[PDB]
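Chains as they are written, first to last, in PDB author numbering: chain A, -2 to 71, 78 to 231; chain A', -2 to 71, 78 to 231; chain P, 43 to 51; chain P', 43 to 51. A prime marks a further copy of an entry chain.
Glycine is no exception: its CB is placed at the ideal position from the N, C-alpha and C atoms.
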Amino acid sequence: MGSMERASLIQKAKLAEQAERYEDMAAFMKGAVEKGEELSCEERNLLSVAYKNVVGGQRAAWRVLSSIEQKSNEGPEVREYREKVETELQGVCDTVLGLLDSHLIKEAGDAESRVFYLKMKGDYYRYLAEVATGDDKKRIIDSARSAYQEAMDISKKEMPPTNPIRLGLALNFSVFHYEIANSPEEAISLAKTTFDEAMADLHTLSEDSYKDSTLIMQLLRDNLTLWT
Amino acid sequence: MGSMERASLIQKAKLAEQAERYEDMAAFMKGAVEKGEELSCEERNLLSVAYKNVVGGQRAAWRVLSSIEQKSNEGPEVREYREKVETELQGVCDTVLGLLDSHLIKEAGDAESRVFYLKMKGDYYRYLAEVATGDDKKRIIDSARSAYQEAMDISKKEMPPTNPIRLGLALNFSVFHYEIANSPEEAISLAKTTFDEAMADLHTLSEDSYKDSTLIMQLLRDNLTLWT
Amino acid sequence: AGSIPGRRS
Amino acid sequence: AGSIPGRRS
Ligand SMILES: *Cc1ccc(S(=O)(=O)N2CCC(O)CC2)cc1
Ligand SMILES: *Cc1ccc(S(=O)(=O)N2CCC(O)CC2)cc1
Ligand SMILES: [Ca+2]
Ligand SMILES: [Ca+2]
Ligand SMILES: [Cl-]
Ligand SMILES: [Cl-]
Ligand SMILES: [Cl-]
Ligand SMILES: [Cl-]
């Protein structure tokens, strides 16, 4: 998107979201990132929403295909098509990771931006881990863990326990522990401690911030209800 | 998809439908058509479902963008992005029309196949008409009308009034009259006559055929309720 | 007004 | 288990 103005790319990303054109949205936001300027809070959310929708559709398709393939394992077409979707999913994850590595994370000095990007890094390595096998699974799992851990360390030092990004990071890292790392007890402990420390800080919040924080706390509680 | 077996393309189209990967589905079915053999009833439905989903998403996005553009008409980005989506929509319609012209319609000798393809031809010209302006709108409207009319003439001679394709053709042609041709009275008359002639033939049907026919009759009734 | 949904085989 | 839906700005 090199010939399009940065501001036009952002404007078109917002239009693409309204039109539910998430592949276009992601392409517009990739172009915006590649202009080389840092992203504002709103622009970081547009980038994240775009790619979460794209990879979310791929993950849902991969799960459908993997289920059919496993049932057939109880011609080559199901495996071939699952592999095609898997390769496309890995390509999108690689694209997001490459934006974060060149150069969003290294230019992010404020805690809000750095935590946001490191949470993204953890998430896209986690999506790679969902489809990985064997030993490359091990290294991908460690890359997700390391990104989430660095984000957690910064968030606990620099953000209040009700901050929505701190909460969503903890939620997603708890899902990583439960679903990827085979550490359900770590998942439950992290979700419980996060929920409790947020609850104790709600008194400091305005009505609007309270709504933002409690919405994510409910997601932590929903996971705890399923896991315990 | 020239190197993939016809049977593998059909199998993968069915997997893509289950995975809600409609762009892939359409590409697999385009490859299957281009093998040059006629399509079975089930294969015609796969082709139609694939493209209806692809163009349905484009049409919904175009309507969102056109609405925003009209409100702004009460920079160039909204118009540019609406134009981008419009061009992609026109390209998909042109692709389907080209499959029908090369060579699905001319090889379709049985009434069921020929009516099905001529209904598709009417529908994809109707989608072109939704985004067309001015004089090219006129010729596109006439192409839709002519395709639907030929399909109607064959269907009335060769199919019972409860046949689901005959019913869906009449439903869609009635929508053409109401929404495209500015002929709401023709739309209402066609929907009423179609509904009544189907009702009078229901006694001939098995339980399963009755369910198929009455489902489409309800759609005709839903339009009549909105239009009268 | 609705046309045939036509989106499920 | 649910992660952040994260699909609406
Ligand atoms: C990871 C994560 C994504 C989104 C959210 S949010 O929906 O609560 N929201 C926080 C405030 C900002 O505007 C970004 C979006 C939380 C965590
Ligand atoms: C145009 C049209 C599409 C689909 C149908 S249907 O859903 O009743 N069905 C008819 C029987 C065949 O299996 C094709 C799909 C009716 C009209
Ligand atoms: Ca510039
Ligand atoms: Ca062959
Ligand atoms: Cl494939
Ligand atoms: Cl910076
Ligand atoms: Cl554009
Ligand atoms: Cl023939």
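Reducing DSSP to helix, strand and coil, say where residue i ends up.
i, result
"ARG50(P)", "coil"
"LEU121(A')", "helix"
"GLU2(A')", "coil"
"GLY137(A)", "helix"
"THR207(A)", "helix"
"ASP156(A)", "helix"
"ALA16(A)", "coil"
"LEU227(A)", "helix"
"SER45(P')", "coil"
"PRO167(A)", "helix"
"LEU36(A')", "coil"
"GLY28(A')", "helix"
"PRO187(A')", "helix"
"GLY53(A')", "helix"
"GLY101(A)", "helix"
"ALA111(A')", "coil"
"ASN70(A')", "coil"
"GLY78(A)", "coil"
"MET162(A)", "coil"
Measure from the C-beta of residue i to each C-beta in chain P and report whether the shortest distance is under 8 Å.
i, result
"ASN226(A')", "yes"
"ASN166(A')", "no"
"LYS140(A')", "no"
"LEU229(A')", "yes"
"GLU71(A')", "no"
"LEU12(A')", "no"
"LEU222(A')", "yes"
Considering only residues of the same chain and omitting the five flanking positions on each side of residue i, which have a CB-CB separation below 7 Å?
i, result
"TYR84(A')", "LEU62"
"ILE144(A)", "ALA132, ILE183 and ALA184"
"residue 72(A')", "Since the numbering of chain A' jumps from 71 to 78, residue 72(A') cannot be located in this structure."
"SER45(A')", "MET123"
"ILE219(A')", "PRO167, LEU170, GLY171 and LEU174"
Excluding sequence positions up to five away, which residues of its chain have a Cβ less than 6 Å from the Cβ of residue i?
i, result
"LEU100(A')", "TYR127"
"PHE119(A')", "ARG41 and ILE168"
"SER186(A')", "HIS180"
"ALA23(A')", "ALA47, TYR48 and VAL51"
"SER116(A')", "none"
"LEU36(A)", "none"
Is the CB of residue i under 8 Å away from at least one CB in chain P'?
i, result
"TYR181(A)", "yes"
"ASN175(A)", "yes"
"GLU17(A)", "no"
"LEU43(A)", "yes"
"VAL134(A)", "no"
"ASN50(A)", "yes"
"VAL30(A)", "no"
"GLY171(A)", "yes"
"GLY53(A)", "yes"
Using beta carbons (cut-off 8 Å, strictly below), is residue i in contact with chain A'?
i, result
"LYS9(A)", "yes"
"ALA58(A)", "yes"
"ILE143(A)", "no"
"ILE65(A)", "yes"
In chain order, what residues of the same chain lie with their CB nearer than 8 Å to the CB of residue i, ignoring the 5 residues before and after it?
i, result
"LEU193(A')", "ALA173, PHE176, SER177 and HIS180"
"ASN226(A)", "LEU174, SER177, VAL178, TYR181, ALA190 and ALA194"
"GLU34(A)", "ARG3"
"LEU208(A)", "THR165 and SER216"
"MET155(A')", "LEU172, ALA173 and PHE176"
"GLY54(A)", "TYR19"
With a cut-off of 8 Å, does the C-beta of residue i fall near any C-beta of chain A?
i, result
"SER5(A')", "yes"
"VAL61(A')", "yes"
Query raised in the report: Which residues, in order along the region 111 to 122 of chain A, keep a beta-carbon less than 7 Å from a beta-carbon of chain P'?
Result: Cβ contacts with chain P' come from no residue of the region 111 to 122 of chain A.
Query raised in the report: Taking contact to mean at least 3 C-beta pairs separated by less than 8 Å, is the region 121 to 129 of chain A' in contact with the region 166 to 178 of chain A'?
Result: Because the criterion of three Cβ pairs below 8 Å is met, the region 121 to 129 of chain A' and the region 166 to 178 of chain A' touch.
Query raised in the report: Is there contact between the region 116 to 126 of chain A and the region 159 to 175 of chain A, where contact requires at least three CB pairs shorter than 8 Å?
Result: Touching, yes, given that three or more Cβ pairs across the two stretches are closer than 8 Å.
Query raised in the report: Are at least three pairs of beta-carbons, each pair with one atom in the region 99 to 115 of chain A and one in the region 133 to 140 of chain A, less than 8 Å apart?
Result: At 8 Å Cβ cutoff, the stretches do not touch.
Report task. Count the CB pairs spanning the region 157 to 167 of chain A and the region 205 to 212 of chain A that are closer than 8 Å, and state whether there are at least three. Result -> With the cut-off at 8 Å, the region 157 to 167 of chain A and the region 205 to 212 of chain A touch.
Query raised in the report: Would you call the region 0 to 11 of chain A and the region 27 to 41 of chain A in contact, with 3 or more CB pairs under 8 Å?
Result: They touch, by the three-pair rule.
Requested in this report: Using a Cβ-Cβ cut-off of less than 9 Å, list which residues of the region 81 to 109 of chain A' approach chain A; keep chain order.
Outcome: For the region 81 to 109 of chain A', the residues whose beta carbon sits under 9 Å from a beta carbon of chain A are, in order, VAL81, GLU83, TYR84, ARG85, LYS87 and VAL88.
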